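Chemist: This is the structure, below, for whatever I ask next.
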Amino acid sequence: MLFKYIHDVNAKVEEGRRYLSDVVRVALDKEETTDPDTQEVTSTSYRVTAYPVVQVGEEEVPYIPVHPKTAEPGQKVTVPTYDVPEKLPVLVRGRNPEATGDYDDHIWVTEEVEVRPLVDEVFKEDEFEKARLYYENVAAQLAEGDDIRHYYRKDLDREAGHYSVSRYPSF
Amino acid sequence: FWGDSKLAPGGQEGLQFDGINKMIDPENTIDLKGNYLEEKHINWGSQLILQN
Amino acid sequence: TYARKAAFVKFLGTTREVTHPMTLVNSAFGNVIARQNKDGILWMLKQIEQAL
């Protein structure tokens, strides 16, 4: 992971089905396709992703102080580690099959659902700056304090002003 | 007093309507076990109704 | 013979955005908010027409 970013979302965002966790990780990494016969790269690409992660442990990293603070030559700080979970819980209304009356019929039950990436995009080798802009835009959208809303990319859109093709139903 | 609407075969709907003995929740029951009705049982039932 | 039927209401919408500096510059084609509203209304009209 060339770039990595950890953001803490609020209760309104966590309530959604796409943000069932409380921490979001944004990453940018480079992929290489290797020739099966001999080690020789054939194609290269950059990937921008975003997953809801959960804490699994801790580790020690160098301390980087900010303006008011000052650090020792060998000062270190401990930060948590994150991983992508397989499933996350939800709370949905239900009914008790063996309710004896009118007071124990309606209840709440918990279910597990599959976790899917928030963002998954692929960029070519000669488009590093566009990938960097996309990653920065995702980070800014998360910093604004709401859900990720803009996924538009100019390269993958259909032509504009071609009335003979855009007249067909799209809903 | 003694109605019951589930007397059809298989426990289906019958021709009667439920009475006080059946509409009352099964939890709200005091069993005297074949004894007399003392004065404290009135308080027992009163609290059993007050707690709702 | 008689019957009873039900119909379910659905929802349609779209969102338009304009930046703050764009509202301060001079415009050659009138106000821009009205243009955005007109475009949104016409787009919604077409979507409804084909969804029908």
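Here, A, B, ... name the chains of the structure tokens in the order displayed, residue numbers run from 1 inside each chain, and ligands are numbered from 1 in the same displayed order.
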What are the nearest atom pairs, with distances in Å to one decimal, for all residues of chain A that come at most 8 Å from chain C, using only C-alpha atoms, set out by chain and rising residue number as a Markdown table?
Modeler:
| residue | atom | partner | partner_atom | distance |
| --- | --- | --- | --- | --- |
| A:169 | CA | C:50 | CA | 6.1 |
| A:170 | CA | C:47 | CA | 7.5 |
| A:171 | CA | C:47 | CA | 5.2 |
Chemist: Just write the chosen residues, N, CA and C atoms, as a tab-separated table (two decimals), in the first residue's frame.
Modeler:
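Generated output (result28.tsv):
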chain	number	residue	atom	x	y	z
A	169	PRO	N	-34.24	3.97	-23.59
A	169	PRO	CA	-34.56	4.05	-22.16
A	169	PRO	C	-33.35	3.76	-21.28
A	170	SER	N	-33.21	4.55	-20.23
A	170	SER	CA	-32.20	4.33	-19.20
A	170	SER	C	-32.75	4.44	-17.78
A	171	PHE	N	-33.90	5.07	-17.59
A	171	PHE	CA	-34.57	5.16	-16.29
A	171	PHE	C	-33.73	5.93	-15.28
Chemist: Restricting the calculation to only C-alpha atoms: of A:62, A:145, A:101, A:117, which residue gets closest to chain B?
Modeler: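 Distance minimum relative to chain B lands on A:101.
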Chemist: Any chance you could tabulate, as JSON lines, the residues of chain A at most 12 Å from chain B with each one's nearest atom pair and distance in Å to one decimal, using only C-alpha atoms, in chain and rising number order?
Modeler:
{"residue": "A:99", "atom": "CA", "partner": "B:25", "partner_atom": "CA", "distance": 11.1}
{"residue": "A:100", "atom": "CA", "partner": "B:26", "partner_atom": "CA", "distance": 7.6}
{"residue": "A:101", "atom": "CA", "partner": "B:25", "partner_atom": "CA", "distance": 6.3}
{"residue": "A:102", "atom": "CA", "partner": "B:25", "partner_atom": "CA", "distance": 8.2}
{"residue": "A:103", "atom": "CA", "partner": "B:25", "partner_atom": "CA", "distance": 9.1}
{"residue": "A:104", "atom": "CA", "partner": "B:25", "partner_atom": "CA", "distance": 11.0}
Chemist: Mind writing the picked residues with N, CA, C and O atoms as a JSON list (two decimals), in the first residue's frame?
Modeler:
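And here's selection-v5.json as it stands now:
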[["chain", "number", "residue", "atom", "x", "y", "z"],
["A", 99, "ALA", "N", -44.80, -16.60, 21.31],
["A", 99, "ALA", "CA", -45.28, -15.56, 22.21],
["A", 99, "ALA", "C", -46.57, -15.99, 22.90],
["A", 99, "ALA", "O", -47.50, -16.49, 22.26],
["A", 100, "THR", "N", -46.61, -15.81, 24.22],
["A", 100, "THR", "CA", -47.76, -16.23, 25.02],
["A", 100, "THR", "C", -48.87, -15.19, 25.07],
["A", 100, "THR", "O", -49.98, -15.53, 25.48],
["A", 101, "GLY", "N", -48.61, -13.97, 24.65],
["A", 101, "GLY", "CA", -49.60, -12.92, 24.72],
["A", 101, "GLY", "C", -49.27, -11.76, 23.81],
["A", 101, "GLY", "O", -48.62, -11.92, 22.78],
["A", 102, "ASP", "N", -49.74, -10.57, 24.21],
["A", 102, "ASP", "CA", -49.58, -9.36, 23.42],
["A", 102, "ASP", "C", -48.36, -8.54, 23.81],
["A", 102, "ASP", "O", -48.13, -7.48, 23.23],
["A", 103, "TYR", "N", -47.57, -9.00, 24.78],
["A", 103, "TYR", "CA", -46.46, -8.22, 25.30],
["A", 103, "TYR", "C", -45.09, -8.77, 24.92],
["A", 103, "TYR", "O", -44.09, -8.08, 25.13],
["A", 104, "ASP", "N", -45.02, -9.98, 24.36],
["A", 104, "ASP", "CA", -43.75, -10.58, 23.97],
["A", 104, "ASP", "C", -43.80, -11.07, 22.53],
["A", 104, "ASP", "O", -43.14, -12.06, 22.18]]
Chemist: Identify, on the basis of only C-alpha atoms, every residue whose closest approach to residue 54 in chain A does not exceed 8 Å; exclude the query and any residue fewer than 4 positions from it along the same chain; express the result as a ChimeraX atom specification.
Modeler: /A:21-23,82-85
Chemist: For CA of residue 43 in chain B and CA of residue 30 in chain B, determine how far apart the two atoms are, in Å to one decimal place.
Modeler: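 Those two atoms sit 11.6 Å apart.
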Chemist: Please indicate the distance in Å from CA of residue 57 in chain A to CA of residue 78 in chain A, rounded to one decimal place.
Modeler: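 Computing it gives 10.4 Å between the two atoms.
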Chemist: For range 13-18 of chain C, please output as a ChimeraX atom specification all residues within 8 Å (counting only C-alpha atoms; exclusion window: fewer than 3 positions along the same chain).
Modeler: /C:22-23,33,36-37,40,44
Chemist: Write the selection just made, keeping N, CA and C atoms, as a short mmCIF file (atom, residue, chain, number, x, y, z; two decimals), in the first residue's frame?
Modeler:
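Result file follows (part.cif):
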data_model
loop_
_atom_site.label_atom_id
_atom_site.label_comp_id
_atom_site.auth_asym_id
_atom_site.auth_seq_id
_atom_site.Cartn_x
_atom_site.Cartn_y
_atom_site.Cartn_z
N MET C 22 -19.12 30.12 -8.49
CA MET C 22 -19.87 30.20 -9.74
C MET C 22 -21.08 31.12 -9.61
N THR C 23 -21.64 31.25 -8.41
CA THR C 23 -22.78 32.13 -8.19
C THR C 23 -22.38 33.60 -8.10
N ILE C 33 -28.98 29.07 -11.42
CA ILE C 33 -29.83 28.18 -10.63
C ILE C 33 -31.09 27.84 -11.41
N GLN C 36 -30.21 25.26 -14.03
CA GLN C 36 -30.06 23.93 -13.44
C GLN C 36 -31.42 23.32 -13.11
N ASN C 37 -32.33 24.12 -12.57
CA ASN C 37 -33.67 23.62 -12.25
C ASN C 37 -34.40 23.18 -13.50
N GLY C 40 -32.95 19.86 -14.68
CA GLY C 40 -33.40 18.76 -13.84
C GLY C 40 -34.85 18.38 -14.09
N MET C 44 -36.12 14.75 -15.48
CA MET C 44 -37.11 13.96 -14.75
C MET C 44 -38.32 13.66 -15.63
#
Chemist: Just asking: which residues within chain B are alpha helix (DSSP H) according to DSSP, as a ChimeraX atom specification?
Modeler: /B:20-23,40-50
Chemist: May I ask for the distance between CA of residue 88 in chain A and CA of residue 113 in chain A, given in Å to one decimal place?
Modeler: 5.9 Å
